[PDB]
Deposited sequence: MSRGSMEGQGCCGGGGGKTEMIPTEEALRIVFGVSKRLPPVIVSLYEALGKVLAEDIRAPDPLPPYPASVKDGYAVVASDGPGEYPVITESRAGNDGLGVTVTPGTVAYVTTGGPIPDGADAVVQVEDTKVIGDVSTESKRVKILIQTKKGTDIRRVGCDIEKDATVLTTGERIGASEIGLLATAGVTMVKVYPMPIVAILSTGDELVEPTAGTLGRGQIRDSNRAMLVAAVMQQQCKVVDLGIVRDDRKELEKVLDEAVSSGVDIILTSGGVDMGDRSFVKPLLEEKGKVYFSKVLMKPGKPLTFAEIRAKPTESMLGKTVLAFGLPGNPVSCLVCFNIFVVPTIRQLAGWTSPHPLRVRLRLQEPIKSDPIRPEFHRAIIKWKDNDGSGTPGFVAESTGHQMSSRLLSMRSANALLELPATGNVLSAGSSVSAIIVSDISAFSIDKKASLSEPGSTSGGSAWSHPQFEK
């Protein structure tokens, strides 16, 4: 009954489809994947431009004293002026090279002479083309500067701005609906708890996890253990326009667990048991919204750790696939254990760790190392605290010694890792 994680992931990958592209403004494009190629409408620079503050010269003149016939910093400066042999022009970095000049001698290789007509001493012999950016040096006209499937970061925004593109065709992020289930739950605003009550922590945790993925959230609240109630919430969520529904709890054993029977009634359940610790009751379904698009549903396990681990392993790549990422899979690295860890005898375990890069990983060479977050019980959300990786432990039941190597899934921005 329990399918391997690799199979469950292949099923999710084959079912999930990229969202239709949209047109957004320049700053709305940040973080999104391009759905069109971007072409430069003009060259960069669009005019021969100086690399230095100095003088535009005729290289063959060589060292000597010359009159300064114009000054060129921007725009129309020096328009219609020709730098002929025996003359020079002052230029600032980025200034347009006047017609006739063929090199720039930086100001450090010159000296101003006299005082009232402007004259300069060129102190070196330069070569044609020195310290000039030719037209199209950096970007040629009609070059493809960005391509469909490329994710937009800060330099890509810079390239869009360079090319004068301020309305961009991209793949959008999915809209995600989230609900919690359970008669024992109370809102996280609750003070004193009554007997048999706990605060709903999964919903806020998932809202935050989805916010970190840059998706709009639809918070559907706490749903009680009543089939008709959950049916109504799920039906309205499916017809609301969301792309993904996340539930937690009420998906495994127990006589008031209605998520799985409702997903089986409303859509197609691809799996409901995965060979993994934590996360074995994870349920994945596809529901058709009536005209009419597809909605993906993840029936996440109720235990807090299980809920977040399943989100990290299955929901994150699904969000990325819907958002057009060509490489949605998580970064996996190899690392060395800083302490001994016992694997499970039946299920491959995703053991929470805090990893860091060290100059010596224990073997004399630089590498990542990992520390366990401690007890791994699925009810213990403190085992996720500060965890930036999931160690992929095989189902051997053996104690993996300190210094041994394992594969690890990196789950939090690797560029925000705390240094050793």
item	value
Stretches with no C-alpha atoms in the model, relative to the deposited sequence starting at 1	1-19, 135-137, 314-318, 448-471
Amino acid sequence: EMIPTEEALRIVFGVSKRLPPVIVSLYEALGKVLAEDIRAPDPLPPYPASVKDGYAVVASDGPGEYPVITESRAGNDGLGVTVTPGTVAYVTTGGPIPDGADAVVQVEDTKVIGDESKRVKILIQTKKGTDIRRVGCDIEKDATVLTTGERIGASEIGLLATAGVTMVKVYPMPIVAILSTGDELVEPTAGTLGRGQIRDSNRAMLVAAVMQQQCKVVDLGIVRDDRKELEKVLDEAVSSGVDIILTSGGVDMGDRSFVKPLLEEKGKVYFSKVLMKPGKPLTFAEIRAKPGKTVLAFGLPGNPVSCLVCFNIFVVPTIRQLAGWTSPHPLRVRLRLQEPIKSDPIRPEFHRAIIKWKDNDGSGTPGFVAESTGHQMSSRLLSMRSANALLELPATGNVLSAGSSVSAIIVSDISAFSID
From here on, numbers count along this sequence of modelled residues.
{"item": "Between the two ranges 55-63 and 373-381, the one averaging a larger CA B factor in the entry", "value": "55-63"}
{"item": "Residue stretch of maximal mean CA temperature factor, 250-258 vs 201-209", "value": "250-258"}
{"item": "Residue selected from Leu146, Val120, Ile245, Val274 by maximal Cα B factor", "value": "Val120"}
{"item": "Residue, from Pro41, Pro394, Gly31, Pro46, that the PDB entry assigns the highest Cα B-factor", "value": "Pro394"}
{"item": "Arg151 - which third its CA temperature factor falls in, relative to the rest of the chain", "value": "lowest"}
{"item": "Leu234 - Cα temperature factor, lowest/middle/highest third of chain", "value": "middle"}
{"item": "Position of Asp102 among the chain's modelled residues by C-alpha B-factor, lowest, middle or highest third", "value": "highest"}
{"item": "Chain third (lowest, middle, highest) by recorded CA B-factor, residue given as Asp344", "value": "highest"}
{"item": "Chain thirds of CA B-factor: placement of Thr110", "value": "highest"}
